[PDB]
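Listed next as structure tokens is one chain, alone, in the form deposited in one PDB entry.
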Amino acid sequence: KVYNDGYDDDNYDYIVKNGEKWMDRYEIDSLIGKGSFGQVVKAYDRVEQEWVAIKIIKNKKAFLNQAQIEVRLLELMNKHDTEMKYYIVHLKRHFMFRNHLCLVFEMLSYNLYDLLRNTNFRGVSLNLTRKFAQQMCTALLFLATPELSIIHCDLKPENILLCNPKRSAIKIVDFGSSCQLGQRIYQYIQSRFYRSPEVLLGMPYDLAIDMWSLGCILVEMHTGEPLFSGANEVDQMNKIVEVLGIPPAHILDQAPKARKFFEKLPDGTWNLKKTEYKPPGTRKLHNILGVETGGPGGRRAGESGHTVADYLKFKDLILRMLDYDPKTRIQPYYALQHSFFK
């Protein structure tokens, strides 16, 4: 009937209660997030005298374990910052409370998804896209520190939170899906819309898959809609093929899952499988962003910094991130030196 003396529920989740005090310290305000791991509560730390976000992990061995891998990666990253000038969310401390591992983060505001909804999925300026773009890019440069070399492995608008509701500073959150570069253990990784070509094709992946996820994240922020909104891996891949073409032959010949989406004709070349979709590479990104037509749906026409010039710098950068070959796909360091950030 009852679980953990009344503090948990069916799902192994702590029952949050308006007003409750923990350890004569954290005045628990309200529930602000929810997922597989457990629940995120808003709370007032009375000692440091501030708001804090607390990530309450479910009372289960499986979630606690993945949560202790998170604590490991956060604490690691945190000691290569100390200033906090690389846009990763800060872990302040962590304690056990009623058999729940709670991770205490700095309090942040809306995530980039809530902002899209705040536009009605019509998106934000290129000037604001650029500021997420620079920050997000500096975070991949940070992660890519060889002793870190951490793959976030599930970047999306709603894993990117604004520090303040009146500033454009951003922070990446949630490192429970993350792991350090290693031999290939896992394959069903990344949220589907932002799933790399290499993942979908079952090839080996590196930090570059985070760059793909940025490329599609960056475009959806300006249009207001996913670039590649797949209902299923087949339909995900087909939408990428619309925009970028068939993947290079030397990549498909390597892929263990090449035949889930394409078929090797007798001659060596590859073509799609009939299942709707524009012919391969005919849904040109130059058009989706409205480079020569006043931006996404003509809504940016006239606005400063939204010229044809401004838009092509944006395009070419987006094309290097959505590069099919994981080794030539642009890296954080040279991405920061692209003209788009002049």
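Numbers follow the displayed sequence, beginning with 1. Rigid core here is just the name for the largest C-alpha set that superposes within 1.5 Å across the two forms.
Keep in mind that the form deposited in another entry is not shown, yet the notes after this line are about it.
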Problem set entry | Core-aligned CA displacement of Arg283 at least 2 Å between this form and the one not shown | no
Problem set entry | Rigid core fit then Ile185 CA moved by 2 Å or more between this form and the one not shown | yes
Exercise. Does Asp9 count as moved between this form and the one not shown, where moved means a C-alpha shift of 2 angstroms or more after fitting the rigid core?
Worked result: yes
Exercise. With a C-alpha distance change of 3 Å or more, do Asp253 and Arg184 lie closer or farther in the other form?
Worked result: farther
Exercise. Between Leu74 and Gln183, does the Cα distance in the other form come out closer or farther than in this form, changing by 3 Å or more?
Worked result: closer
